[PDB]
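What follows is a single structure, written as structure tokens, with notes after it.
So that the names make sense, note that chain A is the first sequence line, chain B the second, and so on, each numbered from 1.
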Amino acid sequence: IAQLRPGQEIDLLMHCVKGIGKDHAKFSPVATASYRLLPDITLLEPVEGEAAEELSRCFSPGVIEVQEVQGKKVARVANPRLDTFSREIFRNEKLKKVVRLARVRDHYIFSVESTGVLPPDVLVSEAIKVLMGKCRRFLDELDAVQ
Amino acid sequence: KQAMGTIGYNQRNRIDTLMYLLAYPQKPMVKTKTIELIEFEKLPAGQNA
Amino acid sequence: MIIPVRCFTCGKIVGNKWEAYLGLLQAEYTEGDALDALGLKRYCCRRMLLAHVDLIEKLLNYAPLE
Amino acid sequence: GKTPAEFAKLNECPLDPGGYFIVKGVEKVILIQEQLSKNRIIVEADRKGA
Amino acid sequence: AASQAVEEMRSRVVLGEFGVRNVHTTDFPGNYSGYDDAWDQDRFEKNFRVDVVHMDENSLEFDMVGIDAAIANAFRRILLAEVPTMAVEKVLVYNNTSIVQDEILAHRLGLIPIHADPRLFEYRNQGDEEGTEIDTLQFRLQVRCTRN
Amino acid sequence: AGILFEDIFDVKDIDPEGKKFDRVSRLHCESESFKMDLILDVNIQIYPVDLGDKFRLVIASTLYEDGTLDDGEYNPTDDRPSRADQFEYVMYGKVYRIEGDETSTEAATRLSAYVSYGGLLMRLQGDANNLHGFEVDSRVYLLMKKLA
Amino acid sequence: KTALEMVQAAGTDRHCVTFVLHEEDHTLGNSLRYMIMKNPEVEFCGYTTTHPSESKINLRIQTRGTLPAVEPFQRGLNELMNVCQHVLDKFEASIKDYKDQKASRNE
Amino acid sequence: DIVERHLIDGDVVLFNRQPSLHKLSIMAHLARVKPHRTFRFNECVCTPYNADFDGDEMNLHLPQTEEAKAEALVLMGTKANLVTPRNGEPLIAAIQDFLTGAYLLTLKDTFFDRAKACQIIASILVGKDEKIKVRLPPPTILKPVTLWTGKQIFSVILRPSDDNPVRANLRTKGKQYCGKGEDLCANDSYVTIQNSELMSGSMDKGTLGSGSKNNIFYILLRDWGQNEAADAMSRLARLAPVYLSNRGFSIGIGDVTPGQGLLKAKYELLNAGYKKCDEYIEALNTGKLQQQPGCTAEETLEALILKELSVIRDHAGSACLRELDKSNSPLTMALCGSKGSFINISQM
Amino acid sequence: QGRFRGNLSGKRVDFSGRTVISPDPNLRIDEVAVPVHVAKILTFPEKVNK
Amino acid sequence: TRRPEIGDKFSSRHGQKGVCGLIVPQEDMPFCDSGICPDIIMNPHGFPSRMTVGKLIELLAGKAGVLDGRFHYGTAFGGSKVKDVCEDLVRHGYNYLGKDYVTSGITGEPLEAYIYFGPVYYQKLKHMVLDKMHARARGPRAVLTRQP
RNA sequence: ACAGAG
Ligand SMILES: [Zn+2]
């Protein structure tokens, strides 16, 4: 917090209260909360030979595997989740036309990192209840008017 | 010349007509050799955004 | 002056990494190995330690004392 | 000729350039004045083109 | 084929060299020829699943399948802005003699996360500078520096 | 009926001046039965057209063959038998300019009709007897089916 | 005090009305719009924030037939609540299942 | 009695940048009170004041008399001063990010489904438009998919409800017109607005901006009145940010990087142009130089050198613009005229 | 700085203010946002009537 | 102690000065796949007229620098070249020209264009609106000429 | 009297 030298003194008294993160950013419980859609990189034509090696280096270090089927290297997608989409397949001129970089729309990969106040499985459960609470409040006012 | 920053090491023992300081200054992520000659990265004036 | 408690861009607590970061640089890690060992994946957290100037360690000489 | 540990006793900053005065507590700089060289034959046109 | 293009158009965000395509959400009633995109709670409850792929202290990664962007983004926004926590708002300073300015020290102490479970506390009312057992905690920082 | 015009068209060029756009292509076509040349923009993402394709193009004043011109609003959700069930591609637009052929100084019969489908333009050019029933500020349905 | 206010369009007998959801932002607006647009009796639906300084959204609904727009709005709130109820039950099952598997391994 | 009340919403207040070169540098505005310290106004009025939001300051005067309100409101109001006195051209019009957003919206490649059509249009339903029924037009494409072309969404600016009487008409050449199309041009650069519906053409600076006439807001001013022009500008200022901020629009180092098709061309031009200059150098110092009429031999050499060096820039310039793709962000801003020019692109 | 230019043809006036300007596209073109601190100072004399 | 508000002047080491115009929450910012959202959004329209290509390189050299613990030099008539920093970004899994796949924070749907992302040095200027807002109703007057 | 800002 501070850093001192002899003769110097700090004495204070803090008052912690409850608040939401829309008010001030010291109330937010998450380091970052975000999502990404899931990749499905698909090979339109079979990539064999020494083009299989340069296709495995145009991606993240664990998604394309090169396997030997007859003493010959063929490439297949193995774990497309680990891809960050640096779009290095478009710098190469021969291999732009064999891939279809895409994203599955209805498949999200949430990443919730908490700051330590309460663990992140409880954070998502609390967050879902808040949206349930927002819908509950306006149902009460449609009942109050009508 | 107008950027807020840090006047020097004596800046807290210094009483001036008007002094501006930035609370959490950072040194430039991209820098000239001239920045190293004048020692600007010892008392920098700005933040990486 | 002194290391900020939270990263401006995301709010990860980088304010406790500073006394570790200087220690690892005595064991002759590089900067890019030292930040990876503390858990700073995103570059917005990395610039907190990489661009910081420890001014309070030098203002506190001039500061009055007994 | 002081060392940075002895600037601290004087409340002065090692990086402070100097080159200025303190007169009645304000820091005042004599600026560099640009001049013409004396003792040199200028050859120039008058207003009337002579 | 036209049908194959429609299926890509309503199910895959495709990444080009110069721009992303198929960004918007389109599965609404009357947007397509034969598809019946009206709301059906049973079709939602069938397709929806959650897979927790990693979890430890302070971190979690999980997959939601079958939910739309307009609801997954609501969960992202609540976690940032609308889930409450306990944090310092008032600092009462007695004899601060450090080089750190009081307004800077108070800002720093605000950003420290407090382990208090926020469900057990109520919101402090408007005004009410003291507060009570129900709705505040208190901490005391007191440090004197001396020579060894 | 509510049909204005109907003929089979053969595609003769796809992009005369290069591929200026991704989704839209400028089809230049010529008809068998009558000497009609056709300029037509189509969305080639949803409906792909090749350089040799032959299609049937009907322009109609109403989408219901019983001749009821009742179009207060168009409801996509509503399902009744109509003309669009026989055709693959349908556009709605307005006839906005009828213009005479400039290329002969005497005894001419060629006319140009311009329709704009929200900015996707059509020029239909031919003998005046075949373009009968077009009027400026009238709203027409294009309908289009590819033939094997 | 009241969080909801209804503002009917000037010519229209209750099939067009703007809902001023007070103390709200894009969080409810875009989620509720999605559930209303899934109803085949809605013609137009969309929201705008009046001003960044103001915590209001003007949710406009217009319906095709004779039915009043209050009914799509109420169905929209209920179905969104049932979605968030079902999301929670699935999530809490998967956390418990993950913790039980991890505790059953290496023991 | 006289009550000296505070300034409240609807006060006529004078507003003025410090250097005034013409009468439009001081205009009267209706005040609205807001919490933050700055003075704020819609960026369509930046061109009369020559303001640029870089720490600029402006003056405000509150007329203390009922007679001074009326003279300020009727004579000096912004709606009464849409055109400069000088050549009669509009100065309050669209500016950057209201021309670029409108251009990208009205391009032929844009198609919207019903959910995104409504969410762009619903932005205009604020203020005095809060009571109108919104008039979603019929879709263009029906059978494969139900799509709205972006020109239709733009037309909701010009007529947002069925009771609105506006029937705008315009027919003009766009910026990048080939000269032979006559509404069938390949660039889609011929504008037709028939009965407040945009039938063809994208909206450039020459149609939505402050440069000159053939502006659709100038048509509305001269044919339907001052209030209709001011409404449409407020709708464009509200609608185009909602499109552009959810489309995305960005410039990067890859938008100014020379491709291989230029680096070969540029090397040929430099070698050819320098060697032609070197021959005229030799023809001056050690031979015959065809001395152009009216100038000395030295001067004749400057005009030949400037000829060669202009050809290098122009040919290297016309080589870069042929290898740039569409959706190159400097090229979009040059085409729609919102910022920059083909010189600036070719120069960097 | 004499009478005829400095004090007669143009002169300092009250009920006036000055501030930094910043954009706001959600205002109409005939409107200007005035901060509360200026609005509480700049008063208009409203004559009391029915 | 002053916190940035609307009307405070910031600048960016290449003459791209600019007053603050809006302050938006973290929940409303666009966000990358890694969760980063920007501290400042800068309008692209400044660059074509002004040709500050050095700002575009500073963003790229800095980004490649923070990802591997380096300070890249920007010295006049020298400095670190684009060809070197492009290869640093791809080694760390970012795109070589710094453009990233960005999701809209308002709608949750992805943006069509890739957005340039990086650290740019920004310096706060002494000109603050709090020291410049001024208003006079009536007040003190000069003695010679009875005017303000 | 000098420096600034637009
Ligand atoms: Zn961070």
Side-chain angles (χ1 to χ4, degrees), chain B residues 1-5 7 14 16-22 45-46, chain D residues 17 19-35, chain H residues 14-27 29 36-61 91 95-96 339, chain I residues 1-2 6 10 12-13 16-24 32-35 38, chain J residues 2 4-21 43 45-46 49-50 52 122-136 142:
Chain B
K1 297 183 186 82
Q2 294 175 8
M4 294 190 191
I7 299 187
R14 191 179 174 95
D16 278 337
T17 305
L18 176 65
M19 163 170 75
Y20 300 106
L21 300 173
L22 198 67
Chain D
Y20 58 93
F21 298 94
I22 298 164
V23 289
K24 299 190 291 170
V26 302
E27 299 177 350
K28 296 284 275 288
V29 177
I30 295 171
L31 296 176
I32 306 178
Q33 305 294 319
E34 189 179 337
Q35 290 193 5
Chain H
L14 256 63
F15 193 54
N16 187 16
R17 199 155 167 269
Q18 194 64 47
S20 305
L21 314 170
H22 47 103
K23 71 173 187 66
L24 273 73
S25 306
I26 182 171
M27 292 182 288
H29 289 81
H36 306 290
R37 288 182 174 80
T38 51
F39 293 145
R40 296 178 281 285
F41 61 93
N42 187 3
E43 302 96 333
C44 301
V45 205
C46 288
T47 310
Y49 291 120
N50 200 0
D52 50 351
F53 304 130
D54 59 350
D56 203 83
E57 295 175 356
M58 284 182 66
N59 292 346
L60 191 87
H61 306 108
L91 282 181
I95 204 56
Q96 36 188 321
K339 188 66 74 78
Chain I
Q1 290 94 28
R12 295 180 182 281
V13 313
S16 64
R18 183 175 180 97
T19 324
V20 172
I21 54 160
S22 70
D24 193 341
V32 66
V34 174
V38 175
Chain J
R2 309 200 180 183
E5 52 164 358
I6 314 294
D8 284 335
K9 211 173 154 178
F10 288 183
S11 187
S12 60
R13 214 162 53 150
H14 295 110
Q16 296 286 330
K17 59 195 175 182
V19 91
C20 171
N43 203 355
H45 290 256
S49 178
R50 306 181 177 175
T52 61
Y122 260 85
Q123 64 205 345
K124 193 179 182 184
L125 305 181
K126 70 176 281 281
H127 297 279
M128 296 173 283
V129 63
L130 198 156
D131 295 335
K132 285 179 173 291
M133 180 176 66
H134 171 57
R136 177 179 167 109

Using a cut-off of under 3.5 Å, enumerate the N/O to N/O pairs linking the protein to nucleotides 2-4 of chain K.
residue : atom : partner : partner atom : Å
K:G4    : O3'  : B:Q2    : NE2          : 3.0

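Whole-Å rounding puts the H:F39 CZ to K:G6 P distance at 19 Å. If you measure from atom CD1 of I:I21 to atom P of K:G6, you get 12 Å, rounded to the nearest angstrom. Regarding J:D131, its CG atom lies at a distance of 16 Å from the P atom of K:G6, rounded to whole Å. In this structure, J:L125 places its CG atom 11 Å from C1' of K:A5, rounding to the nearest Å. Atom pair J:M128:CE and K:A5:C1' shows a separation of 14 Å (rounding to whole Å applied).
Side-chain contact annotation: I:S22 with H:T38, donor-acceptor N/O pair under 3.5 Å present.
At the phosphate of K:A5, neither OP1 nor OP2 sits under 4.0 Å from any side-chain N or O atom of J:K17.
Legend: residues meeting side chain to side chain contact (heavy atoms under 4.5 Å, CB included) with H:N50, ordered by chain and number and at least two apart, are H:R17. For D:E27, the salt bridge (charged side-chain N to carboxylate O under 4.0 Å, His left out) partners at least two apart in sequence or on another chain are B:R14. Every side chain to side chain contact (heavy atoms under 4.5 Å, CB included) that J:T52 has, sequence neighbours left out, goes to J:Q16, J:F47, J:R50, J:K55. Evaluation of the side chain to side chain contact (heavy atoms under 4.5 Å, CB included) rule for H:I26 yields H:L14, H:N16, H:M76 as partners, not counting sequence neighbours. Every residue meeting the side chain to side chain contact (heavy atoms under 4.5 Å, CB included) condition with D:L31, not counting sequence neighbours, appears here in chain and number order: D:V29, D:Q33.
Counting non-hydrogen atoms under 4.0 angstrom, D:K28 reaches nothing in the nucleic acid.
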